[PDB]
$ cat run.csv   # CSV, C-alpha atoms and all ligand atoms
chain,number,residue,atom,x,y,z
G,11,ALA,CA,94.7,87.0,127.9
G,12,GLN,CA,92.5,87.6,124.9
G,13,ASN,CA,94.0,88.2,121.4
G,14,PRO,CA,97.6,87.3,122.4
G,15,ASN,CA,98.9,87.5,118.8
G,16,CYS,CA,97.6,91.1,118.6
G,17,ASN,CA,95.4,90.7,115.5
G,18,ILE,CA,93.2,93.3,114.1
G,19,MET,CA,89.6,92.2,115.1
G,20,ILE,CA,86.5,93.1,113.2
G,21,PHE,CA,83.2,93.8,115.0
G,22,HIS,CA,79.7,93.5,113.7
G,23,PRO,CA,77.5,95.2,116.3
G,24,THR,CA,73.7,94.8,116.2
G,25,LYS,CA,71.7,98.0,116.3
G,26,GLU,CA,70.9,97.2,120.0
G,27,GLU,CA,74.7,96.9,120.7
G,28,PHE,CA,75.3,100.2,118.7
G,29,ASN,CA,73.4,102.4,121.2
G,30,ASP,CA,76.0,102.7,123.9
G,31,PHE,CA,79.4,103.8,122.5
G,32,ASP,CA,81.4,103.7,125.7
G,33,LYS,CA,80.0,100.2,126.5
G,34,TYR,CA,80.8,98.8,123.1
G,35,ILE,CA,84.4,100.2,123.2
G,36,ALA,CA,84.7,98.4,126.6
G,37,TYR,CA,83.2,95.3,125.1
G,38,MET,CA,85.8,95.3,122.3
G,39,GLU,CA,88.6,95.7,124.8
G,40,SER,CA,87.3,92.7,126.8
G,41,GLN,CA,87.8,90.6,123.6
G,42,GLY,CA,91.4,91.9,123.4
G,43,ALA,CA,90.8,94.3,120.5
G,44,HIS,CA,93.2,96.9,121.9
G,45,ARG,CA,96.1,94.6,121.7
G,46,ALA,CA,96.3,95.1,117.9
G,47,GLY,CA,96.3,98.9,118.3
G,48,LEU,CA,93.4,99.1,115.8
G,49,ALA,CA,90.0,97.6,115.3
G,50,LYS,CA,87.3,97.6,112.5
G,51,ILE,CA,83.7,98.2,113.3
G,52,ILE,CA,81.1,97.5,110.8
G,53,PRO,CA,77.9,99.4,111.6
G,54,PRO,CA,74.7,97.6,111.6
G,55,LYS,CA,72.9,97.4,108.2
G,56,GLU,CA,70.1,99.6,109.5
G,57,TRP,CA,72.5,102.5,110.4
G,58,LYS,CA,73.2,105.4,108.1
G,59,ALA,CA,75.6,108.4,108.8
G,60,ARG,CA,73.4,110.6,106.7
G,61,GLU,CA,70.7,110.5,103.9
G,62,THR,CA,73.1,111.5,101.1
G,63,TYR,CA,76.4,113.1,100.3
G,64,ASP,CA,74.8,115.0,97.4
G,65,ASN,CA,75.7,118.4,98.6
G,66,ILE,CA,79.4,118.2,99.8
G,67,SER,CA,81.1,119.9,96.9
G,68,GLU,CA,80.7,123.3,98.5
G,69,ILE,CA,82.9,122.4,101.4
G,70,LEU,CA,86.1,124.5,101.3
G,71,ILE,CA,89.6,123.0,101.7
G,72,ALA,CA,91.2,126.2,102.9
G,73,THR,CA,94.7,124.8,103.0
G,74,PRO,CA,95.3,121.7,100.7
G,75,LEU,CA,98.6,120.0,101.4
G,76,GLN,CA,100.8,118.6,98.7
G,77,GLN,CA,102.7,115.7,100.2
G,78,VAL,CA,106.3,115.8,98.9
G,79,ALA,CA,108.4,112.8,99.6
G,80,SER,CA,112.2,112.4,100.1
G,81,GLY,CA,114.3,109.2,100.5
G,82,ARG,CA,114.1,105.6,99.4
G,83,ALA,CA,110.9,103.7,98.4
G,84,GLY,CA,110.4,102.1,101.8
G,85,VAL,CA,112.0,104.7,104.1
G,86,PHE,CA,111.1,108.3,103.4
G,87,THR,CA,109.9,111.5,105.0
G,88,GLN,CA,107.2,113.8,103.6
G,89,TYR,CA,106.7,117.5,103.9
G,90,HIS,CA,103.5,119.4,103.4
G,91,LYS,CA,103.5,122.2,100.9
G,92,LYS,CA,100.6,124.6,101.3
G,93,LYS,CA,98.4,125.1,98.2
G,94,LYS,CA,95.7,127.5,97.3
G,95,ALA,CA,92.1,126.9,98.7
G,96,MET,CA,89.7,124.8,96.6
G,97,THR,CA,86.3,123.3,97.1
G,98,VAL,CA,85.7,119.7,97.6
G,99,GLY,CA,84.2,119.8,94.1
G,100,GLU,CA,87.4,121.1,92.6
G,101,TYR,CA,89.4,118.6,94.8
G,102,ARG,CA,87.4,115.6,93.6
G,103,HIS,CA,87.9,116.7,90.0
G,104,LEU,CA,91.6,117.0,90.6
G,105,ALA,CA,91.6,113.6,92.3
G,106,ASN,CA,90.1,112.1,89.2
G,107,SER,CA,92.4,113.8,86.8
G,108,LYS,CA,94.9,111.7,84.8
G,109,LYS,CA,97.8,113.2,86.8
G,110,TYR,CA,96.3,112.1,90.1
G,111,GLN,CA,93.8,109.2,89.6
G,112,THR,CA,94.2,105.7,90.9
G,113,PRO,CA,96.1,103.5,88.4
G,114,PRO,CA,94.8,100.2,87.0
G,115,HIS,CA,95.2,97.3,89.4
G,116,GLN,CA,93.9,93.7,90.0
G,117,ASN,CA,93.2,94.0,93.8
G,118,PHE,CA,94.2,95.9,97.0
G,119,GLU,CA,97.4,93.8,97.1
G,120,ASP,CA,98.5,94.9,93.7
G,121,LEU,CA,97.6,98.5,94.6
G,122,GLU,CA,99.5,98.3,97.9
G,123,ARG,CA,102.6,97.2,95.8
G,124,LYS,CA,102.2,100.1,93.4
G,125,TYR,CA,101.8,102.5,96.3
G,126,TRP,CA,105.1,101.4,98.0
G,127,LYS,CA,107.0,101.1,94.7
G,128,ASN,CA,105.9,104.4,93.3
G,129,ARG,CA,104.8,106.6,96.4
G,130,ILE,CA,108.0,108.7,96.5
G,131,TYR,CA,107.9,109.6,92.8
G,132,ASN,CA,104.6,111.6,93.1
G,133,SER,CA,103.1,114.4,95.1
G,134,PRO,CA,99.4,113.9,96.0
G,135,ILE,CA,97.3,116.7,97.6
G,136,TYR,CA,95.4,116.1,100.9
G,137,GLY,CA,92.6,118.0,102.4
G,138,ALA,CA,93.3,117.2,106.0
G,139,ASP,CA,92.4,118.6,109.4
G,140,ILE,CA,89.3,120.5,108.2
G,141,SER,CA,87.0,121.2,111.3
G,142,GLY,CA,83.5,119.9,110.7
G,143,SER,CA,81.2,116.9,110.6
G,144,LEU,CA,79.1,115.2,107.9
G,145,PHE,CA,77.0,113.3,110.4
G,146,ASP,CA,73.3,114.2,110.3
G,147,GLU,CA,72.3,115.7,113.6
G,148,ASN,CA,69.5,113.1,113.7
G,149,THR,CA,72.0,110.2,113.5
G,150,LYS,CA,72.0,109.3,117.2
G,151,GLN,CA,74.5,106.3,117.2
G,152,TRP,CA,78.2,106.6,116.6
G,153,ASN,CA,77.8,110.2,115.6
G,154,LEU,CA,81.4,111.5,115.9
G,155,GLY,CA,80.2,115.0,116.7
G,156,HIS,CA,78.1,113.9,119.6
G,157,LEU,CA,80.6,111.9,121.6
G,158,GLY,CA,81.4,112.6,125.3
G,159,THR,CA,84.4,114.9,125.4
G,160,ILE,CA,87.9,114.1,126.7
G,161,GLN,CA,87.6,117.1,129.1
G,162,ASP,CA,84.4,115.5,130.6
G,163,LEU,CA,86.1,112.1,130.7
G,164,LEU,CA,89.1,113.7,132.6
G,165,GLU,CA,86.7,115.5,135.0
G,166,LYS,CA,84.7,112.3,135.7
G,167,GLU,CA,87.9,110.3,136.4
G,168,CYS,CA,90.1,112.8,138.1
G,169,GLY,CA,87.8,115.5,139.5
G,170,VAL,CA,89.3,118.3,137.6
G,171,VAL,CA,87.7,120.9,135.4
G,172,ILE,CA,89.6,122.2,132.4
G,173,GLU,CA,89.1,124.3,129.4
G,174,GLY,CA,89.1,122.9,126.0
G,175,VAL,CA,86.7,121.5,123.4
G,176,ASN,CA,87.0,118.5,121.2
G,177,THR,CA,85.5,118.4,117.7
G,178,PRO,CA,85.7,116.2,114.6
G,179,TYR,CA,87.9,116.7,111.6
G,180,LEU,CA,87.2,115.9,107.9
G,181,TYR,CA,89.9,114.5,105.6
G,182,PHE,CA,89.6,114.6,101.9
G,183,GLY,CA,92.0,112.1,100.3
G,184,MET,CA,93.2,111.0,96.9
G,185,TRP,CA,95.4,108.2,95.5
G,186,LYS,CA,98.7,108.0,97.4
G,187,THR,CA,97.7,110.6,100.0
G,188,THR,CA,99.5,109.3,103.1
G,189,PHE,CA,99.4,109.4,106.9
G,190,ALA,CA,102.7,108.9,108.5
G,191,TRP,CA,103.7,106.7,111.5
G,192,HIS,CA,102.1,108.2,114.6
G,193,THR,CA,100.2,107.7,117.8
G,194,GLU,CA,97.4,110.2,118.7
G,195,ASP,CA,98.1,113.4,120.7
G,196,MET,CA,98.6,112.4,124.3
G,197,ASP,CA,98.2,108.8,123.1
G,198,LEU,CA,94.4,109.2,123.0
G,199,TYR,CA,92.1,106.9,121.1
G,200,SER,CA,90.9,107.9,117.7
G,201,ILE,CA,87.8,106.9,115.7
G,202,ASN,CA,87.6,107.3,112.0
G,203,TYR,CA,84.6,106.9,109.7
G,204,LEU,CA,85.0,106.6,106.0
G,205,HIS,CA,82.1,108.5,104.7
G,206,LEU,CA,82.5,108.0,101.0
G,207,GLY,CA,84.8,107.0,98.1
G,208,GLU,CA,87.7,104.7,97.7
G,209,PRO,CA,89.4,102.7,100.5
G,210,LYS,CA,92.0,103.6,103.1
G,211,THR,CA,94.7,101.1,103.9
G,212,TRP,CA,96.1,101.1,107.5
G,213,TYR,CA,99.2,99.6,109.1
G,214,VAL,CA,99.5,99.3,112.9
G,215,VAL,CA,102.0,98.2,115.5
G,216,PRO,CA,100.7,96.6,118.7
G,217,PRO,CA,100.9,99.0,121.6
G,218,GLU,CA,102.9,96.6,123.7
G,219,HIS,CA,105.7,96.8,121.0
G,220,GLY,CA,105.5,100.5,120.2
G,221,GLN,CA,109.0,101.0,121.6
G,222,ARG,CA,110.4,98.6,119.0
G,223,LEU,CA,108.9,100.8,116.3
G,224,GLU,CA,110.4,103.9,117.9
G,225,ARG,CA,113.9,102.3,118.1
G,226,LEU,CA,113.8,101.4,114.4
G,227,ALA,CA,112.6,104.9,113.5
G,228,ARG,CA,115.7,106.4,115.4
G,229,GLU,CA,118.0,104.1,113.3
G,230,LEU,CA,116.2,105.0,110.1
G,231,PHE,CA,115.9,108.8,110.6
G,232,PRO,CA,119.0,109.4,112.7
G,233,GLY,CA,119.1,113.2,112.1
G,234,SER,CA,115.4,113.6,113.1
G,235,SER,CA,116.1,111.6,116.2
G,236,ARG,CA,118.9,113.9,117.4
G,237,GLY,CA,116.7,116.9,116.8
G,238,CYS,CA,113.7,115.7,118.9
G,239,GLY,CA,113.2,112.8,121.2
G,240,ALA,CA,109.6,112.4,120.1
G,241,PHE,CA,110.1,113.1,116.4
G,242,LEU,CA,107.3,110.7,115.3
G,243,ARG,CA,105.0,113.4,116.7
G,244,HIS,CA,106.0,115.4,113.6
G,245,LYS,CA,104.0,113.0,111.5
G,246,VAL,CA,106.5,112.9,108.6
G,247,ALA,CA,108.2,109.5,108.7
G,248,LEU,CA,107.2,106.6,106.4
G,249,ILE,CA,108.4,103.0,106.7
G,250,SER,CA,107.1,100.3,104.4
G,251,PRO,CA,105.9,96.9,105.5
G,252,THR,CA,108.8,95.3,103.8
G,253,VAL,CA,111.2,97.3,106.0
G,254,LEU,CA,109.2,96.4,109.1
G,255,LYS,CA,109.4,92.7,108.2
G,256,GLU,CA,113.2,93.0,107.5
G,257,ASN,CA,113.7,94.5,111.0
G,258,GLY,CA,111.3,92.2,113.0
G,259,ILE,CA,108.7,94.8,113.8
G,260,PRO,CA,105.5,93.2,114.7
G,261,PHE,CA,102.6,94.8,112.7
G,262,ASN,CA,99.3,94.2,110.9
G,263,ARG,CA,97.4,95.7,108.0
G,264,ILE,CA,93.8,96.1,107.0
G,265,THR,CA,91.8,98.1,104.4
G,266,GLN,CA,88.9,100.3,105.5
G,267,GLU,CA,86.1,100.8,103.0
G,268,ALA,CA,83.3,103.4,102.8
G,269,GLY,CA,80.7,102.9,105.6
G,270,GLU,CA,83.2,101.4,108.1
G,271,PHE,CA,84.6,102.7,111.4
G,272,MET,CA,88.2,102.2,112.6
G,273,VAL,CA,89.2,102.8,116.2
G,274,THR,CA,92.9,103.3,117.1
G,275,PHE,CA,93.9,102.5,120.7
G,276,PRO,CA,96.2,104.3,123.1
G,277,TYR,CA,99.8,104.1,121.9
G,278,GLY,CA,98.9,102.0,118.7
G,279,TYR,CA,101.3,103.5,116.1
G,280,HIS,CA,99.6,103.7,112.7
G,281,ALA,CA,100.2,104.8,109.2
G,282,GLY,CA,98.5,104.3,105.8
G,283,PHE,CA,97.3,105.6,102.5
G,284,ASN,CA,94.2,106.4,100.4
G,285,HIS,CA,93.3,104.4,97.3
G,286,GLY,CA,91.6,107.2,95.5
G,287,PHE,CA,89.2,110.2,96.2
G,288,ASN,CA,87.6,109.7,99.6
G,289,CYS,CA,86.3,111.5,102.7
G,290,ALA,CA,86.8,110.4,106.3
G,291,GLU,CA,85.8,112.0,109.5
G,292,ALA,CA,87.7,111.5,112.7
G,293,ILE,CA,88.1,112.6,116.3
G,294,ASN,CA,90.1,111.7,119.4
G,295,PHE,CA,88.3,110.3,122.4
G,296,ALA,CA,89.2,108.9,125.9
G,297,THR,CA,88.2,106.2,128.3
G,298,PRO,CA,89.1,105.5,131.9
G,299,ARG,CA,91.8,103.1,130.5
G,300,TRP,CA,93.5,106.0,128.6
G,301,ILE,CA,94.4,108.0,131.7
G,302,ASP,CA,97.7,106.2,132.4
G,303,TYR,CA,98.7,106.3,128.7
G,304,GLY,CA,98.1,110.1,128.8
G,305,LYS,CA,100.3,110.3,131.9
G,306,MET,CA,103.1,108.5,130.1
G,307,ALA,CA,102.8,110.0,126.6
G,308,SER,CA,105.9,111.3,124.9
G,309,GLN,CA,105.9,115.0,123.9
G,310,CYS,CA,107.6,117.0,121.3
G,311,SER,CA,109.6,119.8,122.9
G,312,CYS,CA,111.5,120.8,119.7
G,313,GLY,CA,108.4,122.8,118.7
G,314,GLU,CA,107.8,121.2,115.3
G,315,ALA,CA,104.7,119.3,116.3
G,316,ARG,CA,102.6,122.4,117.2
G,317,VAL,CA,99.4,121.0,118.7
G,318,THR,CA,95.9,122.1,119.7
G,319,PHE,CA,94.7,124.5,122.4
G,320,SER,CA,93.0,121.7,124.2
G,321,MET,CA,96.2,119.7,124.6
G,322,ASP,CA,97.7,122.4,126.8
G,323,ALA,CA,95.4,121.3,129.6
G,324,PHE,CA,96.0,117.6,129.2
G,325,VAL,CA,99.8,118.2,129.6
G,326,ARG,CA,99.3,120.7,132.4
G,327,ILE,CA,97.2,118.3,134.5
G,328,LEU,CA,98.6,114.9,133.6
G,329,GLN,CA,102.3,115.9,133.0
G,330,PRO,CA,103.0,118.8,135.3
G,331,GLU,CA,106.7,118.2,135.2
G,332,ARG,CA,106.8,118.2,131.4
G,333,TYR,CA,104.6,121.3,131.3
G,334,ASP,CA,107.4,124.0,131.7
G,335,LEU,CA,109.6,122.6,128.9
G,336,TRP,CA,106.7,121.5,126.6
G,337,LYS,CA,104.9,124.9,126.5
G,338,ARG,CA,108.2,126.6,125.5
G,339,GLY,CA,108.0,124.3,122.4
G,340,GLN,CA,104.4,125.4,121.9
G,341,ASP,CA,105.4,129.1,122.2
Z,1,LIG,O1,92.7,109.4,108.0
Z,1,LIG,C1,93.9,109.8,108.0
Z,1,LIG,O2,94.5,110.2,107.1
Z,1,LIG,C2,94.6,109.7,109.4
Z,1,LIG,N1,93.7,109.2,110.4
Z,1,LIG,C3,94.2,108.8,111.6
Z,1,LIG,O3,95.4,108.9,111.8
Z,1,LIG,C4,93.2,108.5,112.7
Z,1,LIG,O4,92.0,108.5,112.4
Z,1,LIG,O5,93.7,108.3,113.8
Z,2,MG,MG,78.3,121.6,100.1
Z,3,NI,NI,95.8,108.7,113.8
Z,4,ZN,ZN,109.8,117.6,117.9

$ encode --input "run.csv" --output "structure tokens"
Amino acid sequence: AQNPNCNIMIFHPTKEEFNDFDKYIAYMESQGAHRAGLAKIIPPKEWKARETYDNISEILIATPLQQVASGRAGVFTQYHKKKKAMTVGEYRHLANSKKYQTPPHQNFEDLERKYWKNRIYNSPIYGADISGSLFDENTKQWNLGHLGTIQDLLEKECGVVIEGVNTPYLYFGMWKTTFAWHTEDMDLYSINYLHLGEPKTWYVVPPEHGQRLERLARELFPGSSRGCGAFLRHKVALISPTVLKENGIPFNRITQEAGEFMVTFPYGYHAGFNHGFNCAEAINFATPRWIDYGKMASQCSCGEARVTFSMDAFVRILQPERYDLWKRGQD
């Protein structure tokens, strides 16, 4: 088997290899990339997402979220406090303010250390889950707004027609803005392009050891666990790499920089943080290989996780037994 230590692999497609998205995902998985739970894709030097980002200040962040932490440095939950709307311009200015800017540091490793030591003592504001794309419509390759849809994948593989659409989301980040330990909705893939700004650091557990993570999480957040058997779906728990080492949880880390794609694979748990003001775009996608992961995906039936319109149909078709109890959580 390829990639038996489950390392994060980095790919450098040629522009010829960058034409067929589905094919290159399949290629990466033939080299074992999926075993890590995450891969890096460096686009070919010829490729451009768009001409410039000169005009993006006028994008509105309707609901910025202040990420308030509770707990110890390496084991904490965060809750999202809703703030007043602001433009990307206002957000970027806020991200560069003395209160919120990235501190002095030698390298990513020094900054990682400061993040984990000082994360809980601060409340950065995130512009997350904003519907839209910054890909130019004339960008034909790896345009996240022009991928085949999950519904069409489901229909090609299983013969069933369902409602739903699937569109990209933008994420405006600043120093310390954090994404908690999670898999994608329905354990789908995700693809994330870092359009501009400072880096994003990612941690990931191999899908074949996801249950080990889940078990640690139940021990670390014992109340949350009683409340909901898929409480990582709530996207609030943080666990540091030190804590993961101490408890024997296999994992890897990598930093994504501007102009790079990351792909998460079905049931690859991930978490991470932003180094400073940036903007990423992301979307879930599926392959034939996803269908069984979707069949087996854990669901939140405590009602905290509150998920998209399009997820109804996935659960309804792939998880008909779960569908009576799950939709009562969604309503
Ligand atoms: O970019 C973020 O903050 C979170 N991104 C992801 O979890 C993803 O693309 O799967
Ligand atoms: Mg604008
Ligand atoms: Ni994700
Ligand atoms: Zn729940």

$ residues_near_ligand --input "run.csv" --ligand "ligand ZN 4 (chain Z)" --cutoff "6 Å" --atoms "all atoms listed in the file" --output "list in words"
residues 238, 240, 241, 310, 311, 312, 313, 314 and 315 of chain G

$ closest_residue --input "run.csv" --among "G:303, G:95, G:11, G:144" --to "ligand MG 2 (chain Z)" --atoms "all atoms listed in the file"
G:144

$ residues_around --input "run.csv" --residues "residue 214 (chain G)" --least-positions-apart "3" --cutoff "9 Å" --atoms "all atoms listed in the file" --output "PDB file with C-alpha atoms, keeping the file's coordinate frame"
ATOM      1  CA  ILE G  18      93.200  93.300 114.100  1.00  0.00           C
ATOM      2  CA  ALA G  46      96.300  95.100 117.900  1.00  0.00           C
ATOM      3  CA  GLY G  47      96.300  98.900 118.300  1.00  0.00           C
ATOM      4  CA  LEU G  48      93.400  99.100 115.800  1.00  0.00           C
ATOM      5  CA  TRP G 191     103.700 106.700 111.500  1.00  0.00           C
ATOM      6  CA  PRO G 217     100.900  99.000 121.600  1.00  0.00           C
ATOM      7  CA  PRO G 260     105.500  93.200 114.700  1.00  0.00           C
ATOM      8  CA  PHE G 261     102.600  94.800 112.700  1.00  0.00           C
ATOM      9  CA  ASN G 262      99.300  94.200 110.900  1.00  0.00           C
ATOM     10  CA  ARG G 263      97.400  95.700 108.000  1.00  0.00           C
ATOM     11  CA  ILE G 264      93.800  96.100 107.000  1.00  0.00           C
ATOM     12  CA  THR G 274      92.900 103.300 117.100  1.00  0.00           C
ATOM     13  CA  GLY G 278      98.900 102.000 118.700  1.00  0.00           C
ATOM     14  CA  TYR G 279     101.300 103.500 116.100  1.00  0.00           C
ATOM     15  CA  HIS G 280      99.600 103.700 112.700  1.00  0.00           C
ATOM     16  CA  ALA G 281     100.200 104.800 109.200  1.00  0.00           C
ATOM     17  CA  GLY G 282      98.500 104.300 105.800  1.00  0.00           C
TER      18      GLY G 282
END

$ closest_residue --input "run.csv" --among "G:181, G:152, G:333, G:136" --to "residue 32 (chain G)" --atoms "only C-alpha atoms"
G:152

$ residues_near_ligand --input "run.csv" --ligand "ligand MG 2 (chain Z)" --cutoff "8 Å" --atoms "only C-alpha atoms and all ligand atoms" --output "compact mmCIF listing (two decimals) with C-alpha atoms, keeping the file's coordinate frame"
# COMPACT_ATOMS: atom_id res chain seq x y z
CA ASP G 64 74.80 115.00 97.40
CA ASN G 65 75.70 118.40 98.60
CA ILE G 66 79.40 118.20 99.80
CA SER G 67 81.10 119.90 96.90
CA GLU G 68 80.70 123.30 98.50
CA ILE G 69 82.90 122.40 101.40

$ residues_near_ligand --input "run.csv" --ligand "ligand NI 3 (chain Z)" --cutoff "12 Å" --atoms "all atoms listed in the file" --output "ChimeraX atom specification"
/G:47-48,138-139,179,181,188-202,212-214,242-243,245,272-283,290-295

$ write_last_selection --input "run.csv" --atoms "C-alpha atoms" --output "short mmCIF file (atom, residue, chain, number, x, y, z; two decimals), in the frame of the given file"
data_model
loop_
_atom_site.label_atom_id
_atom_site.label_comp_id
_atom_site.auth_asym_id
_atom_site.auth_seq_id
_atom_site.Cartn_x
_atom_site.Cartn_y
_atom_site.Cartn_z
CA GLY G 47 96.30 98.90 118.30
CA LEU G 48 93.40 99.10 115.80
CA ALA G 138 93.30 117.20 106.00
CA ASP G 139 92.40 118.60 109.40
CA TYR G 179 87.90 116.70 111.60
CA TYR G 181 89.90 114.50 105.60
CA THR G 188 99.50 109.30 103.10
CA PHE G 189 99.40 109.40 106.90
CA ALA G 190 102.70 108.90 108.50
CA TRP G 191 103.70 106.70 111.50
CA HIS G 192 102.10 108.20 114.60
CA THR G 193 100.20 107.70 117.80
CA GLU G 194 97.40 110.20 118.70
CA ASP G 195 98.10 113.40 120.70
CA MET G 196 98.60 112.40 124.30
CA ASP G 197 98.20 108.80 123.10
CA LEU G 198 94.40 109.20 123.00
CA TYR G 199 92.10 106.90 121.10
CA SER G 200 90.90 107.90 117.70
CA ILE G 201 87.80 106.90 115.70
CA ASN G 202 87.60 107.30 112.00
CA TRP G 212 96.10 101.10 107.50
CA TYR G 213 99.20 99.60 109.10
CA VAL G 214 99.50 99.30 112.90
CA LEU G 242 107.30 110.70 115.30
CA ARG G 243 105.00 113.40 116.70
CA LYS G 245 104.00 113.00 111.50
CA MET G 272 88.20 102.20 112.60
CA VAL G 273 89.20 102.80 116.20
CA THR G 274 92.90 103.30 117.10
CA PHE G 275 93.90 102.50 120.70
CA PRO G 276 96.20 104.30 123.10
CA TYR G 277 99.80 104.10 121.90
CA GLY G 278 98.90 102.00 118.70
CA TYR G 279 101.30 103.50 116.10
CA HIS G 280 99.60 103.70 112.70
CA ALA G 281 100.20 104.80 109.20
CA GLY G 282 98.50 104.30 105.80
CA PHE G 283 97.30 105.60 102.50
CA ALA G 290 86.80 110.40 106.30
CA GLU G 291 85.80 112.00 109.50
CA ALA G 292 87.70 111.50 112.70
CA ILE G 293 88.10 112.60 116.30
CA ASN G 294 90.10 111.70 119.40
CA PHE G 295 88.30 110.30 122.40
#

$ closest_residue --input "run.csv" --among "G:271, G:287, G:125, G:336" --to "residue 53 (chain G)" --atoms "all atoms listed in the file"
G:271

$ closest_residue --input "run.csv" --among "G:170, G:105, G:72, G:135" --to "ligand LIG 1 (chain Z)" --atoms "all atoms listed in the file"
G:135

$ build_atoms --input "run.csv" --residues "region 125-140 of chain G" --atoms "N, CA and C atoms" --output "PDB file, keeping the file's coordinate frame"
ATOM      1  N   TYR G 125     101.667 101.429  95.350  1.00  0.00           N
ATOM      2  CA  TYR G 125     101.800 102.500  96.300  1.00  0.00           C
ATOM      3  C   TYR G 125     103.294 102.548  96.787  1.00  0.00           C
ATOM      4  N   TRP G 126     103.766 101.423  97.320  1.00  0.00           N
ATOM      5  CA  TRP G 126     105.100 101.400  98.000  1.00  0.00           C
ATOM      6  C   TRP G 126     106.259 101.531  97.011  1.00  0.00           C
ATOM      7  N   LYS G 127     106.073 100.994  95.809  1.00  0.00           N
ATOM      8  CA  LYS G 127     107.000 101.100  94.700  1.00  0.00           C
ATOM      9  C   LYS G 127     107.105 102.501  94.127  1.00  0.00           C
ATOM     10  N   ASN G 128     105.947 103.113  93.903  1.00  0.00           N
ATOM     11  CA  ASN G 128     105.900 104.400  93.300  1.00  0.00           C
ATOM     12  C   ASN G 128     105.420 105.655  94.126  1.00  0.00           C
ATOM     13  N   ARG G 129     105.209 105.490  95.449  1.00  0.00           N
ATOM     14  CA  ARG G 129     104.800 106.600  96.400  1.00  0.00           C
ATOM     15  C   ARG G 129     105.732 107.846  96.268  1.00  0.00           C
ATOM     16  N   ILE G 130     107.030 107.616  96.487  1.00  0.00           N
ATOM     17  CA  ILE G 130     108.000 108.700  96.500  1.00  0.00           C
ATOM     18  C   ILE G 130     108.151 109.504  95.195  1.00  0.00           C
ATOM     19  N   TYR G 131     107.757 108.919  94.055  1.00  0.00           N
ATOM     20  CA  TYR G 131     107.900 109.600  92.800  1.00  0.00           C
ATOM     21  C   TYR G 131     106.691 110.471  92.363  1.00  0.00           C
ATOM     22  N   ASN G 132     105.870 110.841  93.343  1.00  0.00           N
ATOM     23  CA  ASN G 132     104.600 111.600  93.100  1.00  0.00           C
ATOM     24  C   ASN G 132     104.285 112.458  94.296  1.00  0.00           C
ATOM     25  N   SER G 133     103.500 113.525  94.048  1.00  0.00           N
ATOM     26  CA  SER G 133     103.100 114.400  95.100  1.00  0.00           C
ATOM     27  C   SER G 133     101.528 114.679  95.200  1.00  0.00           C
ATOM     28  N   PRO G 134     100.796 113.741  95.849  1.00  0.00           N
ATOM     29  CA  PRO G 134      99.400 113.900  96.000  1.00  0.00           C
ATOM     30  C   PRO G 134      99.006 115.020  96.961  1.00  0.00           C
ATOM     31  N   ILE G 135      97.805 115.555  96.819  1.00  0.00           N
ATOM     32  CA  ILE G 135      97.300 116.700  97.600  1.00  0.00           C
ATOM     33  C   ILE G 135      96.248 116.177  98.507  1.00  0.00           C
ATOM     34  N   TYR G 136      96.315 116.539  99.800  1.00  0.00           N
ATOM     35  CA  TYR G 136      95.400 116.100 100.900  1.00  0.00           C
ATOM     36  C   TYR G 136      94.627 117.226 101.450  1.00  0.00           C
ATOM     37  N   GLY G 137      93.319 117.080 101.621  1.00  0.00           N
ATOM     38  CA  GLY G 137      92.600 118.000 102.400  1.00  0.00           C
ATOM     39  C   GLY G 137      92.402 117.453 103.782  1.00  0.00           C
ATOM     40  N   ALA G 138      93.306 117.806 104.678  1.00  0.00           N
ATOM     41  CA  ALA G 138      93.300 117.200 106.000  1.00  0.00           C
ATOM     42  C   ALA G 138      93.024 118.269 107.075  1.00  0.00           C
ATOM     43  N   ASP G 139      92.519 117.795 108.208  1.00  0.00           N
ATOM     44  CA  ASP G 139      92.400 118.600 109.400  1.00  0.00           C
ATOM     45  C   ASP G 139      91.417 119.815 109.184  1.00  0.00           C
ATOM     46  N   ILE G 140      90.349 119.542 108.443  1.00  0.00           N
ATOM     47  CA  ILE G 140      89.300 120.500 108.200  1.00  0.00           C
ATOM     48  C   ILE G 140      88.229 120.252 109.360  1.00  0.00           C
TER      49      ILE G 140
END
